[PDB]
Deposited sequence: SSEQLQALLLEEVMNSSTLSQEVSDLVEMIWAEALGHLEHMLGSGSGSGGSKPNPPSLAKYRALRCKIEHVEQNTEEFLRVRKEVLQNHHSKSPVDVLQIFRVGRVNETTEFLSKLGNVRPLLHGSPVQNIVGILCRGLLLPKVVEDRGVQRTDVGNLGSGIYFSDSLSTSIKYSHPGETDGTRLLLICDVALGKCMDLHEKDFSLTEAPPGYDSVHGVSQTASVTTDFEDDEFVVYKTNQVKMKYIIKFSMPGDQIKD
């Protein structure tokens, strides 16, 4: 029958909705997260379409020769201050289901910034977006629960600082960080830590910890940008990269 011939072809057309480079990535971030829970609880390739659909997030490969690739690769390495070599492997356009509509694009000062995260967090981040940390009020607010700015979402403009948070995964030793449009708004510059910040100071939309220099000493080794409402973040790219000074 011809009806049967058409359904088998639609299965082909379904499985092809997933580039090989994107299936391989979805495998790795899933592998990394399963390897991590196995470890704290006791311990080509066929298109793994099932795992990608659960992320409710669209991931496209930008080809390593595209015009888009060389431009984005330039912007990541643009403020690489510690010139310890980095090999930018792959770049993926990204789009969360609800992110493009909830985004507060109308604040102004929308700037593209870097958020690093260990590889096991990537499944969580792609399914739910970048989440605010949980405030602590059952006990004394230690230095282990907050960052240097308070309970917010942290970005930098420098690959040198995002490499401090983009820890290499156990699966392949590659590092991931996101590129996100961040609606900064009115941005208060800070020179001293504040761990009590649950929101931006009055009249401002975000806060910026200013990195120490020989002229101006502050409490910040790195430039830190923090926002306090999740819909000031729109993820735009995943960057797969690797540090040569990781081997041997």
Chain regions without C-alpha coordinates, deposited sequence numbering: 1, 45 to 52, 258 to 259
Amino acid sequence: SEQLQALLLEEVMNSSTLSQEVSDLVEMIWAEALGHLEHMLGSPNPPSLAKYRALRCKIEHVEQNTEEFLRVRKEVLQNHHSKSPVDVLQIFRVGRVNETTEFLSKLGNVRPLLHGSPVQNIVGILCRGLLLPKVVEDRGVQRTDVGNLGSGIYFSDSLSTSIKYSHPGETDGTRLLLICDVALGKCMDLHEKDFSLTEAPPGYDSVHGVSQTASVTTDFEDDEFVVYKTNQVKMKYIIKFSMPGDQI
From here on, numbers count along this sequence of modelled residues.
Quick check: 168 to 176 versus 132 to 140, which has the larger average CA B-factor in the record? 132 to 140
Tell me which stretch has the larger mean Cα B-factor in this entry, 85 to 93 or 141 to 149. 141 to 149
Quick one: which of 183, 210, 188, 49 has the biggest Cα B-factor according to the entry? 49
Of the three thirds of its chain by CA temperature factor, lowest, middle or highest, which one includes residue 54? highest
Chain thirds by Cα B factor, record data; residue 6 belongs to the middle
Using only modelled residues of the chain, where does the Cα B factor of residue 98 rank: lowest third, middle third or highest third? highest
So, residue 106's CA B-factor, relative to its chain, sits in which third? The highest
Against its chain's modelled residues, does residue 218's Cα B factor rank lowest, middle or highest third? lowest
